[PDB]
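Engineer: Got a structure for you, questions after.
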Amino acid sequence: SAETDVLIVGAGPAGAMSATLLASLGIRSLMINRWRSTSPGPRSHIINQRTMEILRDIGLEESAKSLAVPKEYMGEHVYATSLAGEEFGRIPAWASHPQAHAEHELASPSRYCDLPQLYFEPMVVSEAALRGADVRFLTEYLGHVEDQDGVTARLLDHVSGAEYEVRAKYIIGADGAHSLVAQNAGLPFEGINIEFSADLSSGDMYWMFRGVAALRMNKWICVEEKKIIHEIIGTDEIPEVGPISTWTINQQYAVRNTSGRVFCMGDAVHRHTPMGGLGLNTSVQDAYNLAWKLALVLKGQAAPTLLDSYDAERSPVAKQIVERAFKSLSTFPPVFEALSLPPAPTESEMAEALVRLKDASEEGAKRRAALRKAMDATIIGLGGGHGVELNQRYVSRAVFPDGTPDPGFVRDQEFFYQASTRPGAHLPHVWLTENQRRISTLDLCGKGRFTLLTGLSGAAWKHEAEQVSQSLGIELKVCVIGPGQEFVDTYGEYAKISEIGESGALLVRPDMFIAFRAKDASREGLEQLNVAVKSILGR
Amino acid sequence: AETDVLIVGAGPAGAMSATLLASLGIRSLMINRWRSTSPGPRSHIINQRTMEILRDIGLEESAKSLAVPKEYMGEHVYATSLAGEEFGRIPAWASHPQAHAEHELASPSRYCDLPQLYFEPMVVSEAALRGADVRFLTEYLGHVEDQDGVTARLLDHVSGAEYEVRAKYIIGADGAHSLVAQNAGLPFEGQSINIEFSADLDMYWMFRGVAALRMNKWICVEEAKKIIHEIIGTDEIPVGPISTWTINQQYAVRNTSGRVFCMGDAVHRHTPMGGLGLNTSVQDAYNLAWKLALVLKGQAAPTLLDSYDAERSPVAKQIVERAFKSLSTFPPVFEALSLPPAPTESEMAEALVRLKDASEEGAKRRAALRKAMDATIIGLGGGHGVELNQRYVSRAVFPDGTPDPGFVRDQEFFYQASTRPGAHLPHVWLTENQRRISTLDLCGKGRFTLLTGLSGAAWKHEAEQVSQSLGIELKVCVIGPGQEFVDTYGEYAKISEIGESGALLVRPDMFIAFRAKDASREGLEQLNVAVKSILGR
Amino acid sequence: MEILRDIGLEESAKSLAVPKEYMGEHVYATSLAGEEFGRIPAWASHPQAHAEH
Amino acid sequence: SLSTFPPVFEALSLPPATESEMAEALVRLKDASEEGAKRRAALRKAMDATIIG
Ligand SMILES: Cc1cc2c(cc1C)N(C[C@H](O)[C@H](O)[C@H](O)COP(=O)(O)OP(=O)(O)OC[C@H]1O[C@@H](n3cnc4c(N)ncnc43)[C@H](O)[C@@H]1O)c1[nH]c(=O)[nH]c(=O)c1N2
Ligand SMILES: Cc1cc2c(cc1C)N(C[C@H](O)[C@H](O)[C@H](O)COP(=O)(O)OP(=O)(O)OC[C@H]1O[C@@H](n3cnc4c(N)ncnc43)[C@H](O)[C@@H]1O)c1[nH]c(=O)[nH]c(=O)c1N2
């Protein structure tokens, strides 16, 4: 028998990030994993800005960057018949087009990077243990029972062969795409990788229309006597040929992610195809949504109803990414159609298409233009979906509305990020300075606590926040941004992005979402802080 | 539970043993009492032998990405305090151009500064990935040995349960108060407050007797921590975590008892001068693992394991005595300033004014101070010979009849390459498809390798016979023009000390076990007898 | 270079030049595509020569 | 320093100036005999002596 506050079943990105955050917040956790090691395979490698912002908040962004390939080396996607064959063209993937890159820089202090899951996992798992989480591998969750005060789970130890029980206040189901935890909580659902080595002496990612195969990276992956590798390369005048692995995926999202004291996250609540690099990133963001809420509830600073916001905020995103990843698959077949090929052409059919594509006729021109259109429409799955990645819009009892209408989106909300300071949107990034060194708005906030941002004519917020803090027993850090202060609006970018007057305030949750906005520091405005915070905390 | 090897401890020694044993196809269970890898500032100087090991197993590039390269380690400063007067500087970690050349010539690898805080998780994750079972919050309580194996009792600090593990061997990698070594009855001979802090202010030695300062975040070596003031030393700038290390200087005279092998701090406990501890501990593991693997696979006799004590015990004594002796180089600095070992602020102020005296007496003091500062270098990068000049004598090294050539220059300060059996294979650059590759990169990977040139082609057939007969892999590399590996710079011919048709047999740990002068019939016939002798067969 | 340094042109010279790290690989061959006889460390590129430099 | 180049041709057993003669020299330089090892060593020695220039 063991006892903990939270039992975390699974030590992939979702579980390991939950353990790390809970341990940083002073909460006792036990994280288990069935297997001997972290994940070995080529799996994820695209890390998006929201994940990198989370790592930045907890102090792991610089270690992530030292293991990763920066964004400048991710842009060249090549569409071809094979590596040696004819190139159809290229596309600027991962926001490498100058305009896309500007939109990227404006959105976040962080950037895309290429960091194999193979490295990402042990980095976060070692951090969880260092910060205080108990971590135990070769240990399998078999089931649990729940009562009025907690949960009791049965675990099988694969080193000793012993079974034992663990008693917890809450269980996190971070146990992947066939989650037993989710099955036991009764959650409702709706909806070949080949490593090899070779010297390819004679861009960053190749899409081969052979229907579609992918090739990247001495060591290579494409997606046992594997002369699929020939064909893709495609010659046989060069010669390894394994390890080989498979992923069966059945597209489904949990409609609800919570049942009593059980919270599921990650692939356990969203299972989808890998198009867009959304899985690991969304899974880490699920953890970041939940952990601070658990910590407040366990410390008695919030009522248990604060936990209802997890489902209300993260379930819509589960459905969104599943549908989006699926839709992005449909953008590849039109490439074959533009060449006047069927989805699985013969060698003779392909050969004819290549000659036809170079024809000096009007028919040839029509095909070249159609091919370019089709290739351009794949970018939604390969870096174009910046809006999908960033445009979270939360509606829950952990976001206190300010009475303003939803302004919607000026441009397409899938392709383009739109900054907003309305409650329910992520705090916008802009550069300020601290001692003449650039610092992001995001660097003022987070660290497991609420933060209130204002300017010099909003000095009354400091005292108002101290009262609410004292009264509710919760930390509220106040930052008064302006000339001569600790943090300075050196570029004028804060006044430009805040959408409110200098004396207004933004209350920012530990996960960086705006929970309350006030237009000014009038007595009526100031009195609302205490009512918003009580409402957010269910008190 | 049952495993081939139980590894008690997951520091550098244990984690490296687990990684190597897993890479060799051996089942192991590595345990650690605590929840995490080591949190503290502890080791940070990684030497070339350790970096070579990481290179052999494919972790050198990951280590380098986490580390600070050698170009940022050289500036050691001797002073009264950070804001006070500087006595002078010394080129530490082989940063002087001549020391740097000697360093480059010795190895494909380089010093780097890599905190143990990052080193440990990198190796522990690799061990699990490659097949080791790894289990933290698990404590070794004791064991009993019989003629077929060992049975250990473990306490699980998650479940509170005790259970037993059955193994063929136990590795005691359990640190400076090793319970394993105490239970194996090993005989021993031979006779710091670290303060982290943050402040807005490469290495400072403060003669205040001596304090060190390095690195927003700083370490020097809880409101009484205005020791930090004094060292900085002002208080016009605005104090934990604090930690202690007791070390009692001791080395194990023997490192093995029956089926128990101890390694690392468990067999060599010493002061931190010279950055020898972690490095020596990783090298103990690299000596043992391939031997254990051959024995467990039935390709070597159990007597191969006797060479672990014969090769590694002399190193244990050597580093303990060396680290201690380097401490004695600091007090002469106070003596050159004509100060007592703990001077007052007034006495030191007077020493500083005398040190600038425009007389012949002042010039004598300036020269004496320089001489004393220069003699500290043996503990701060000067001991390249100590780091690299391993000379093994054992049944796992087959002598070639030649006398020991000794050392032309001082064997502590200077590395001397040798290809005589019992010395480390020398590094030189060859090419493979016009890309530079080290001699070391031809060898290792858990197996024996035989190196020769084009007139030594007969070695290929001889090695095949021995390999087939003994059931062991022997990779043969024929170095020359038109071959897979080419002597593009001529450096192999220059370093090998034998004719082109001679051969060097290199062990999995990169030590030379056999050398042949030529490929005559008498020379070729010796291979099989050397390999049998090395394997105890 | 010492002369250029004395008169204040060394940094301009360096901005126009290729540094010493890119001068060492001298290759002896029958032709560029043919067989290579071997290489030599030119312009003090051997580590000992570089130290002396 | 000019006089250090001709010993390279001599180590290959070539005269100072045909394509056939050179082709033979490259095959002999890979010869597995003790004579081939002598030629490889002589060639290296000759190449090394050009470093003065
Ligand atoms: C080919 C490919 C390529 C990509 C991606 C997937 C695939 C298949 N993804 C998605 C990503 O790999 C996936 O979404 C994450 O691994 C999900 O992380 P989780 O922590 O939810 O599950 P994960 O599956 O990673 O972890 C589940 C954990 O639970 C453990 N477990 C299961 N049952 C257990 C039990 N009963 N008891 C104890 N432990 C148990 C498992 O052992 C494992 O540790 C991605 N994403 C992205 O953002 N960018 C990208 O580029 C890609 N690319
Ligand atoms: C301040 C300072 C600074 C330096 C150094 C030391 C110190 C104190 N060193 C030396 C270096 O840190 C030391 O030599 C190594 O950590 C030794 O590694 P081990 O694996 O042998 O022991 P280590 O002590 O690292 O690990 C022992 C393991 O066993 C575990 N354990 C103990 N008893 C157990 C039991 N009964 N059951 C289960 N687990 C148990 C412990 O929890 C731990 O995992 C160094 N070296 C260097 O090369 N360069 C440098 O710069 C420095 N600097």
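For the structure tokens, the naming scheme is as follows: chains receive sequential letters (A, B, ...) according to their order of presentation, residues are indexed from 1 within each chain, and ligands are indexed from 1 in presentation order.
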Which residues come within 8 Å of residue 4 (chain D), counting only C-alpha atoms, excluding same-chain residues fewer than 4 positions away, as a PyMOL selection string?
Structural biologist: chain D and resi 8+46+49-50
Engineer: Can those selected residues be exported to a file as a PDB file, in the first residue's frame so that it contains N, CA, C and O atoms?
Structural biologist:
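Output (result_38.pdb):
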ATOM      1  N   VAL D   8      59.154  12.900 -55.193  1.00  0.00           N
ATOM      2  CA  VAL D   8      57.851  12.258 -55.231  1.00  0.00           C
ATOM      3  C   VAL D   8      57.737  11.289 -56.437  1.00  0.00           C
ATOM      4  O   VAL D   8      57.321  10.136 -56.255  1.00  0.00           O
ATOM      5  N   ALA D  46      58.706  11.392 -49.068  1.00  0.00           N
ATOM      6  CA  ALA D  46      58.864  12.442 -50.073  1.00  0.00           C
ATOM      7  C   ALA D  46      57.797  13.519 -49.939  1.00  0.00           C
ATOM      8  O   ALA D  46      58.114  14.700 -50.005  1.00  0.00           O
ATOM      9  N   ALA D  49      58.597  15.839 -46.928  1.00  0.00           N
ATOM     10  CA  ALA D  49      59.652  16.806 -47.145  1.00  0.00           C
ATOM     11  C   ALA D  49      59.238  18.036 -47.969  1.00  0.00           C
ATOM     12  O   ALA D  49      60.002  18.993 -48.029  1.00  0.00           O
ATOM     13  N   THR D  50      58.073  18.027 -48.611  1.00  0.00           N
ATOM     14  CA  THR D  50      57.602  19.222 -49.333  1.00  0.00           C
ATOM     15  C   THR D  50      57.045  20.280 -48.369  1.00  0.00           C
ATOM     16  O   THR D  50      56.897  21.435 -48.746  1.00  0.00           O
TER      17      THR D  50
END
Engineer: Which residues are near ligand 2 in this structure, taking near to mean any atom at most 7 Å from a ligand atom and counting only C-alpha atoms and all ligand atoms? Format them as an NGL selection string.
Structural biologist: :B and (8-14 or 31-34 or 37 or 41-46 or 138-141 or 173-176 or 178-179 or 245 or 263-266 or 272 or 275-281)
Engineer: Could you list, as a PyMOL selection string, all residues that come within 7 Å of ligand 1? Count only C-alpha atoms and all ligand atoms.
Structural biologist: chain A and resi 9-15+32-35+38+42-47+139-142+174-177+179-180+247+265-268+274+277-283
Engineer: Write out as a compact mmCIF listing (two decimals) with N, CA, C and O atoms, in the first residue's frame the residues lying within 9 Å of residue 80 (chain B), counting only C-alpha atoms and excluding same-chain residues fewer than 3 positions away.
Structural biologist:
# COMPACT_ATOMS: atom_id res chain seq x y z
N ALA B 83 36.03 41.38 -6.02
CA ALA B 83 36.17 42.83 -6.21
C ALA B 83 37.57 43.32 -5.79
O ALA B 83 37.96 44.41 -6.17
N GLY B 84 38.30 42.51 -5.03
CA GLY B 84 39.66 42.88 -4.61
C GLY B 84 40.73 42.83 -5.71
O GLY B 84 40.44 42.93 -6.89
N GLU B 85 41.98 42.72 -5.29
CA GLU B 85 43.10 42.74 -6.21
C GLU B 85 43.32 41.33 -6.73
O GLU B 85 43.17 40.35 -6.00
N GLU B 86 43.65 41.25 -8.01
CA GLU B 86 43.98 39.98 -8.66
C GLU B 86 45.48 39.69 -8.50
O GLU B 86 46.30 40.54 -8.85
N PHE B 87 45.84 38.54 -7.95
CA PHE B 87 47.24 38.14 -7.89
C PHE B 87 47.80 37.78 -9.30
O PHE B 87 48.96 38.02 -9.58
N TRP B 205 39.87 31.46 -7.44
CA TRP B 205 40.44 30.92 -6.21
C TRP B 205 40.70 32.12 -5.28
O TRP B 205 41.48 33.05 -5.63
N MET B 206 40.01 32.13 -4.15
CA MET B 206 40.09 33.30 -3.24
C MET B 206 40.95 32.93 -2.06
O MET B 206 40.70 31.91 -1.41
N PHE B 207 42.01 33.71 -1.84
CA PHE B 207 42.89 33.46 -0.74
C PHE B 207 42.47 34.43 0.38
O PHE B 207 42.85 35.59 0.37
N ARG B 208 41.66 33.94 1.33
CA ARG B 208 40.91 34.89 2.21
C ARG B 208 41.61 35.23 3.54
O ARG B 208 42.60 34.59 3.90
N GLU B 230 32.44 38.93 1.45
CA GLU B 230 33.79 38.45 1.80
C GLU B 230 34.43 37.81 0.54
O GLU B 230 35.47 38.26 0.09
N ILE B 231 33.79 36.78 0.00
CA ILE B 231 34.21 36.14 -1.24
C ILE B 231 33.95 37.04 -2.45
O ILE B 231 34.82 37.15 -3.33
N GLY B 233 33.93 40.40 -2.69
CA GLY B 233 33.44 40.51 -1.35
C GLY B 233 33.06 41.99 -1.23
O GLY B 233 33.92 42.88 -1.28
N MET B 348 46.73 40.85 5.19
CA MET B 348 46.59 40.69 3.76
C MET B 348 46.79 42.04 3.07
O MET B 348 47.47 42.09 2.07
Engineer: Contacts of residue 23 (chain D) at 12 Å or less, counting only C-alpha atoms, minus same-chain residues fewer than 3 places along, as an mmCIF file with C-alpha atoms, in the first residue's frame?
Structural biologist:
data_model
loop_
_atom_site.group_PDB
_atom_site.id
_atom_site.type_symbol
_atom_site.label_atom_id
_atom_site.label_comp_id
_atom_site.auth_asym_id
_atom_site.auth_seq_id
_atom_site.Cartn_x
_atom_site.Cartn_y
_atom_site.Cartn_z
ATOM 1 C CA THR C 30 47.168 12.414 -60.199
ATOM 2 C CA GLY C 34 41.889 10.397 -59.867
ATOM 3 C CA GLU C 35 43.479 8.555 -56.954
ATOM 4 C CA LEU D 12 56.802 6.140 -57.353
ATOM 5 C CA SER D 13 59.667 4.814 -59.577
ATOM 6 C CA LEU D 14 58.580 7.206 -62.315
ATOM 7 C CA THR D 18 53.438 8.833 -69.695
ATOM 8 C CA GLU D 19 49.794 8.031 -68.798
ATOM 9 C CA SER D 20 50.721 4.313 -69.062
ATOM 10 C CA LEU D 26 49.357 3.497 -58.947
ATOM 11 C CA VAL D 27 48.863 -0.308 -59.142
ATOM 12 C CA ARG D 28 52.364 -0.932 -57.721
ATOM 13 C CA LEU D 29 51.661 1.500 -54.883
ATOM 14 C CA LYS D 30 48.806 -0.872 -53.720
#
Engineer: Write out as a list in words the residues lying within 7 Å of residue 247 (chain B), counting only C-alpha atoms and excluding same-chain residues fewer than 6 positions away.
Structural biologist: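 Once the adjacent positions are removed, what remains is residues 269, 270 and 271 of chain B.
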Engineer: As an exercise, work out the distance from CA of residue 486 (chain B) to CA of residue 26 (chain C) in Å and give it to one decimal place.
Structural biologist: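 CA of residue 26 (chain C) lies at a distance of 16.0 Å from CA of residue 486 (chain B).
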Engineer: Enumerate the residues of region 164-277 of chain A with a DSSP assignment of strand (DSSP E), computed from the backbone, and present them as a PyMOL selection string.
Structural biologist: chain A and resi 164-173+189-190+193-197+205-209+212-216+219-222+244-245+252-254+258-259+262-264+270-271
Engineer: Emit the selected residues as an mmCIF file, in the first residue's frame, including C-alpha atoms.
Structural biologist:
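The new file result-v9.cif reads:
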data_model
loop_
_atom_site.group_PDB
_atom_site.id
_atom_site.type_symbol
_atom_site.label_atom_id
_atom_site.label_comp_id
_atom_site.auth_asym_id
_atom_site.auth_seq_id
_atom_site.Cartn_x
_atom_site.Cartn_y
_atom_site.Cartn_z
ATOM 1 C CA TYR A 164 -0.080 -3.558 -4.628
ATOM 2 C CA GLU A 165 -2.607 -0.788 -4.123
ATOM 3 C CA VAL A 166 -2.240 2.926 -4.257
ATOM 4 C CA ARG A 167 -4.593 5.371 -2.618
ATOM 5 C CA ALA A 168 -4.970 8.837 -4.259
ATOM 6 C CA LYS A 169 -7.284 11.859 -4.272
ATOM 7 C CA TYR A 170 -7.296 11.877 -8.152
ATOM 8 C CA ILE A 171 -6.156 9.768 -11.077
ATOM 9 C CA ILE A 172 -4.859 11.171 -14.360
ATOM 10 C CA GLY A 173 -5.432 8.872 -17.335
ATOM 11 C CA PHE A 189 -16.176 8.691 -27.761
ATOM 12 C CA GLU A 190 -17.306 9.926 -31.185
ATOM 13 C CA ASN A 193 7.651 3.396 -40.230
ATOM 14 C CA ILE A 194 10.967 2.006 -41.618
ATOM 15 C CA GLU A 195 14.356 3.098 -40.246
ATOM 16 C CA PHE A 196 17.429 2.424 -42.429
ATOM 17 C CA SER A 197 20.988 3.599 -43.023
ATOM 18 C CA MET A 205 11.295 16.372 -45.966
ATOM 19 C CA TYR A 206 10.305 14.432 -49.129
ATOM 20 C CA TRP A 207 6.758 13.534 -50.159
ATOM 21 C CA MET A 208 6.918 10.765 -52.748
ATOM 22 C CA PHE A 209 4.023 10.235 -55.069
ATOM 23 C CA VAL A 212 2.079 8.962 -50.765
ATOM 24 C CA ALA A 213 5.275 8.073 -48.898
ATOM 25 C CA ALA A 214 7.411 10.330 -46.735
ATOM 26 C CA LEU A 215 11.151 10.328 -46.302
ATOM 27 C CA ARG A 216 13.414 12.276 -43.998
ATOM 28 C CA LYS A 219 20.234 7.464 -40.491
ATOM 29 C CA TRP A 220 16.853 7.745 -42.415
ATOM 30 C CA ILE A 221 13.137 7.094 -41.885
ATOM 31 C CA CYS A 222 10.438 6.529 -44.417
ATOM 32 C CA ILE A 244 10.295 -1.500 -38.614
ATOM 33 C CA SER A 245 7.214 -0.375 -36.655
ATOM 34 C CA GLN A 252 -11.868 9.213 -32.221
ATOM 35 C CA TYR A 253 -12.265 11.887 -29.609
ATOM 36 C CA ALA A 254 -13.673 11.803 -26.146
ATOM 37 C CA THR A 258 -13.594 13.645 -16.825
ATOM 38 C CA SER A 259 -15.591 11.283 -14.612
ATOM 39 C CA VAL A 262 -10.633 10.639 -12.926
ATOM 40 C CA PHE A 263 -9.197 13.030 -15.609
ATOM 41 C CA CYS A 264 -8.030 11.757 -18.937
ATOM 42 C CA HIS A 270 -7.843 12.409 -28.847
ATOM 43 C CA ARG A 271 -6.710 9.770 -31.313
#
Engineer: Which neighbours of region 50-63 of chain A fall inside 7 Å, counting only C-alpha atoms, when residues of the same chain fewer than 6 positions from it are skipped, and could you give them as a PyMOL selection string?
Structural biologist: chain A and resi 110+281+284-285+446-447
Engineer: Restrict the distance test to only C-alpha atoms, flag each residue of chain A within 8 Å of chain B, and return the flagged residues as a ChimeraX atom specification.
Structural biologist: /A:1-2,36-38,40,63,66-67,122,126,129-130,132-137,159-161,164
Engineer: Using only C-alpha atoms, which of A:386, A:523, A:438, A:314 sits nearest residue 48 (chain A)?
Structural biologist: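 Ranked by minimum distance to residue 48 (chain A), first place goes to A:386.
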Engineer: For chain B, list the residues within 7 Å of chain C, counting only C-alpha atoms, and write the list as a list in words.
Structural biologist: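 Going by the stated atoms only, the list reads residues 97, 98, 101, 104, 105, 488 and 489 of chain B.
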Engineer: Please, which residues of chain D lie no more than 9 Å from chain B when the count uses only C-alpha atoms, and can they be set out as a PyMOL selection string?
Structural biologist: chain D and resi 29-34+36-37+40-41+44
Engineer: Go ahead and write the residues just picked, N, CA, C and O atoms, as a PDB file, in the first residue's frame.
Structural biologist:
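What ended up in again09.pdb:
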ATOM      1  N   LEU D  29      51.740   0.849 -56.166  1.00  0.00           N
ATOM      2  CA  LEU D  29      51.661   1.500 -54.883  1.00  0.00           C
ATOM      3  C   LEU D  29      50.651   0.782 -53.949  1.00  0.00           C
ATOM      4  O   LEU D  29      50.796   0.898 -52.757  1.00  0.00           O
ATOM      5  N   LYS D  30      49.712   0.003 -54.496  1.00  0.00           N
ATOM      6  CA  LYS D  30      48.806  -0.872 -53.720  1.00  0.00           C
ATOM      7  C   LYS D  30      49.212  -2.354 -53.624  1.00  0.00           C
ATOM      8  O   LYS D  30      48.472  -3.179 -53.093  1.00  0.00           O
ATOM      9  N   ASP D  31      50.415  -2.665 -54.074  1.00  0.00           N
ATOM     10  CA  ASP D  31      50.978  -4.020 -54.066  1.00  0.00           C
ATOM     11  C   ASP D  31      51.088  -4.538 -52.644  1.00  0.00           C
ATOM     12  O   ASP D  31      51.591  -3.840 -51.758  1.00  0.00           O
ATOM     13  N   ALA D  32      50.669  -5.782 -52.420  1.00  0.00           N
ATOM     14  CA  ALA D  32      50.742  -6.385 -51.084  1.00  0.00           C
ATOM     15  C   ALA D  32      52.115  -6.874 -50.653  1.00  0.00           C
ATOM     16  O   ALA D  32      52.272  -7.342 -49.543  1.00  0.00           O
ATOM     17  N   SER D  33      53.146  -6.630 -51.440  1.00  0.00           N
ATOM     18  CA  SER D  33      54.448  -7.143 -51.148  1.00  0.00           C
ATOM     19  C   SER D  33      55.197  -6.209 -50.176  1.00  0.00           C
ATOM     20  O   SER D  33      54.754  -5.090 -49.905  1.00  0.00           O
ATOM     21  N   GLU D  34      56.334  -6.691 -49.673  1.00  0.00           N
ATOM     22  CA  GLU D  34      57.283  -5.904 -48.906  1.00  0.00           C
ATOM     23  C   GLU D  34      57.834  -4.775 -49.796  1.00  0.00           C
ATOM     24  O   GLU D  34      58.132  -3.687 -49.308  1.00  0.00           O
ATOM     25  N   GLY D  36      56.028  -3.117 -52.139  1.00  0.00           N
ATOM     26  CA  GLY D  36      54.924  -2.183 -52.062  1.00  0.00           C
ATOM     27  C   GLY D  36      54.931  -1.374 -50.763  1.00  0.00           C
ATOM     28  O   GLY D  36      54.825  -0.147 -50.793  1.00  0.00           O
ATOM     29  N   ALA D  37      55.131  -2.031 -49.636  1.00  0.00           N
ATOM     30  CA  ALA D  37      55.291  -1.312 -48.330  1.00  0.00           C
ATOM     31  C   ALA D  37      56.483  -0.310 -48.333  1.00  0.00           C
ATOM     32  O   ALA D  37      56.369   0.795 -47.812  1.00  0.00           O
ATOM     33  N   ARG D  40      55.259   2.663 -50.395  1.00  0.00           N
ATOM     34  CA  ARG D  40      54.318   3.490 -49.608  1.00  0.00           C
ATOM     35  C   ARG D  40      55.078   4.357 -48.598  1.00  0.00           C
ATOM     36  O   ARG D  40      54.834   5.549 -48.507  1.00  0.00           O
ATOM     37  N   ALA D  41      56.096   3.798 -47.964  1.00  0.00           N
ATOM     38  CA  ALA D  41      56.892   4.549 -47.012  1.00  0.00           C
ATOM     39  C   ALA D  41      57.753   5.608 -47.714  1.00  0.00           C
ATOM     40  O   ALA D  41      57.862   6.728 -47.215  1.00  0.00           O
ATOM     41  N   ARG D  44      55.513   8.590 -48.707  1.00  0.00           N
ATOM     42  CA  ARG D  44      55.173   9.391 -47.538  1.00  0.00           C
ATOM     43  C   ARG D  44      56.346  10.310 -47.139  1.00  0.00           C
ATOM     44  O   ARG D  44      56.160  11.475 -46.769  1.00  0.00           O
TER      45      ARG D  44
END
Engineer: Could you check how far CA of residue 383 (chain B) sits from CA of residue 60 (chain B), in Å to one decimal?
Structural biologist: 22.7 Å
Engineer: Grab the CA of residue 334 (chain B) to CA of residue 372 (chain B) distance for me, in Å with one decimal place.
Structural biologist: 8.9 Å
Engineer: Excluding residue 4 (chain C) and any residue of its chain fewer than 5 positions from it, enumerate the residues within 12 Å of it, using only C-alpha atoms, and give them as a ChimeraX atom specification.
Structural biologist: /C:9-14
Engineer: Can you write just those residues out, N, CA and C atoms, as a JSON list (two decimals), in the first residue's frame?
Structural biologist:
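Okay, this is what ended up in out13.json:
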[["chain", "number", "residue", "atom", "x", "y", "z"],
["C", 9, "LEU", "N", 45.28, 48.21, -39.79],
["C", 9, "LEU", "CA", 44.61, 47.55, -40.90],
["C", 9, "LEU", "C", 44.41, 46.04, -40.72],
["C", 10, "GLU", "N", 44.76, 45.47, -39.59],
["C", 10, "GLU", "CA", 44.68, 44.03, -39.44],
["C", 10, "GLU", "C", 43.20, 43.56, -39.53],
["C", 11, "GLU", "N", 42.29, 44.26, -38.87],
["C", 11, "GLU", "CA", 40.88, 43.80, -38.86],
["C", 11, "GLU", "C", 40.26, 43.93, -40.24],
["C", 12, "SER", "N", 40.61, 44.96, -41.02],
["C", 12, "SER", "CA", 40.17, 45.03, -42.44],
["C", 12, "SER", "C", 40.74, 43.90, -43.28],
["C", 13, "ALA", "N", 42.01, 43.58, -43.07],
["C", 13, "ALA", "CA", 42.61, 42.45, -43.79],
["C", 13, "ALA", "C", 41.86, 41.14, -43.48],
["C", 14, "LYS", "N", 41.60, 40.91, -42.21],
["C", 14, "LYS", "CA", 40.90, 39.69, -41.81],
["C", 14, "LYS", "C", 39.51, 39.57, -42.42]]
Engineer: Tell me, which residues of chain D carry DSSP helix (DSSP H, G or I), written as a ChimeraX atom specification?
Structural biologist: /D:2-4,6-11,19-29,34-52
